[PDB]
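A lone chain, given as structure tokens: the form deposited in one PDB entry.
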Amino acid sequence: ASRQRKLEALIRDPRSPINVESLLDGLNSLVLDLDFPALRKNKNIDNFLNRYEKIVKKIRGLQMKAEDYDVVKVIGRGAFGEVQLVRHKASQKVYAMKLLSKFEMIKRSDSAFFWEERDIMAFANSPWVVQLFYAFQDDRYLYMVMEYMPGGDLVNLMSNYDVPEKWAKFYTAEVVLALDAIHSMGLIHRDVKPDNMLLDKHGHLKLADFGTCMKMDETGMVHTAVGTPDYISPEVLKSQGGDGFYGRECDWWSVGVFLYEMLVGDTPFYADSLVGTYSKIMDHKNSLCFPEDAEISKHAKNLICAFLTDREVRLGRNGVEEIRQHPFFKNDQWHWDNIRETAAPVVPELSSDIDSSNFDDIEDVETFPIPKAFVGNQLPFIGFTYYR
């Protein structure tokens, strides 16, 4: 039949919401939401659960789960969970596994952010994005098994090394190509910073933490929770108070803040309080001054000022090409088409497959209540499971 080929095409497609893994999540979520002593007083619910008792226990055994991975060490912490350095028990392969608590996401009213984060890492097929091999879930958490990045974040690098300009040219250029890939996918990052810039086994850049990512409207804009204030742009610091819009330019601001921090040493709009940091970002024409002691070229000064302006005249409105032709980026080391295949400034010297010397030691769990009626706490997480 002509309709049956169209139906089988939808189920085979991994982007589709009615794939085999998503359909299995629907069944697991339905049984998890229904299987309680109170809800089994309903005749329809009791007879359904008894039919699907044995097969759901079988599928839970066969499907991927937290018990398949040994937790080596906690390597990062966030709002709704943590990032664990893990080893798969069967294959002995090392991964970085991000956890996200379902209770905390439901409680704090933020349970849509992970969809774009899963899709960016799973489906970008880009060397600038951290690849997602497996996504899975249980009653408590969502899991995202990713390629481990043993070189560590760019906060680690700036603390340990006094960064010269040739190194800054490299890492900025990689950030430019990384954001261009995200902008090409139809997305604004909203939270570009050294914490979200990770270094691989070879010392080359990939981006992680795509929680603040939102898909652009048809114009190239987006219309509500924010990152750290040091790297946030002034147009974002007005839109948060009542409606407001902003485009890809807000990411390019943060590249200017990033390029300032490596060369100078401190953040350009730094203050003791948070209110001071916000005020300096709004007054960026007057407050942006380069320290006289600081070792910075004229071209790098020019590029930071080109990024750190009002949105309407900023560098990166009219494509990436104007950023790429800027004289700062000229060198006799790499070109734009081959930067990721050249030798990195800092190649990590790693002692083992579970070496986390480039990550700092992380310092050290309420569940859902057993409900009276149907609440549907697992329904927002149907479709999350993914197998490469």
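For every residue, the number given is its place in the sequence shown, counted from 1. Under this definition, the rigid core comprises the largest set of C-alpha atoms superposing within 1.5 Å between the forms.
This next part talks about the form deposited in another entry, which is not shown.
Among the candidates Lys193, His183, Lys206, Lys280, displacement between the shown form and the other one reaches 2 angstroms at the C-alpha for one position only, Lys280 (superposition on the rigid core).
Remark: with the core as the superposition reference, the CA shift of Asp243 between the shown form and the other one reaches 2 Å or more.
Relative to the superposed rigid core, the position of the CA of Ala90 differs between the shown form and the other one by less than 2 Å.
A movement of the C-alpha atom of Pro291 reaching 2 angstroms or beyond is seen between the shown form and the other one when the two forms are aligned on their rigid core.
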